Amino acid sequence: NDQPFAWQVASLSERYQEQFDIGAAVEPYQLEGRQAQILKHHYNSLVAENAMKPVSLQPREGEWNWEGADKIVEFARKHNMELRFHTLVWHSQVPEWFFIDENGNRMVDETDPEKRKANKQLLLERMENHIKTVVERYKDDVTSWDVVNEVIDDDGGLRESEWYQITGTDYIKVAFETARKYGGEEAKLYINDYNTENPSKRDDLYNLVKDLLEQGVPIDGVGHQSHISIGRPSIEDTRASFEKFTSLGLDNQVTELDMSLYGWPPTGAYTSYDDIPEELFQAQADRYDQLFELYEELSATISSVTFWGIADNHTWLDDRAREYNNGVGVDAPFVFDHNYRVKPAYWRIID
């Protein structure tokens, strides 16, 4: 026979039961059928891929859109799953009305200093009310909060988003303080970013968090998105990242793991899953082998490992592939293939 289906094989989360959670990013429409069966069997943690983004929850001020998020929370409750929150504060996927002043124009264009002072106050109050409302609604279900997301610039230093331009670093400080205030002492507060294995980006995040902890900001851990590929980044750079934040007393979580077949950008994407050579899936399986062995080796410092999807048929990497190959092209980043059959990678992380 072929490779067995994902619902026929040993559960991933059971395999790592004593080491870290195994999670999946989900949409509300994935909660029935085989996807739900796979989720129930293989994962003990969830995160909303899109339904808890700031623009998804409050697309207009005071107009709350809970339906899709609530459906995911309900599934997590029913199947006793952990739940990460994605995300409270982010330069992206955040409704434009946050940064619009009382005259309808963008806050970053103001030049009067007392008006600027007033805008920073208004923006922080809106942020604080968004966080309060969400955390009050979901505090009994969420077990890890991505309080801020992607605040470090890849060029170096802090990302100079509109959050930064109006408030400096105070949006980060106020975001963690608010989540702690309304989530209580037991809420687990994370700063999440991508390319945290890149040493210079790793150091910028380390320096920010160390400073913030010294000022008493309540930060419990670092989220490593881990949007990686068969070729990058090195195991050694991954270990160094995990270890440097552990040295700060911080938890680590792998939050958005997927392993692209392609470099960046994913030029020359395969157009059909049948065209992908088995050489590539074997390279992917070797990669995942070393990666989860590193995770196991470091398992006392890593509380949770989340994939950014379930199986290869649904992944934002397909969007990116089509974006860089004129509308066509496909990626295959998980341990379950687009027909829900296990891949070489599955066997190498279940051992």
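When you see a residue number, it is the position in the sequence shown, counting from 1.
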Return whichever of 43 to 51 and 312 to 320 has the greater mean Cα B factor according to the PDB record.
312 to 320
Residue stretch of maximal mean CA temperature factor, 280 to 288 vs 298 to 306
280 to 288
Check the PDB entry and point out which of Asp101, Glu82, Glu136, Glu256 has the largest C-alpha temperature factor.
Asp101
Max C-alpha B-factor within the set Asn252, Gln225, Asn149, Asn105 falls on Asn105
Please place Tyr171 in the lowest, middle or highest third of its chain according to the CA B-factor in the PDB entry.
lowest
Would the CA B-factor of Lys117 place it in the lowest, middle or highest third of its chain?
highest
Sorting by Cα B-factor within the chain, modelled residues only, which third would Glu32 end up in: lowest, middle or highest?
highest
How does the C-alpha B factor of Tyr262 compare with the rest of the chain: lowest, middle or highest third?
highest
Could you place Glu14 in the lowest, middle or highest third of its chain by Cα temperature factor, using the values in the record?
middle
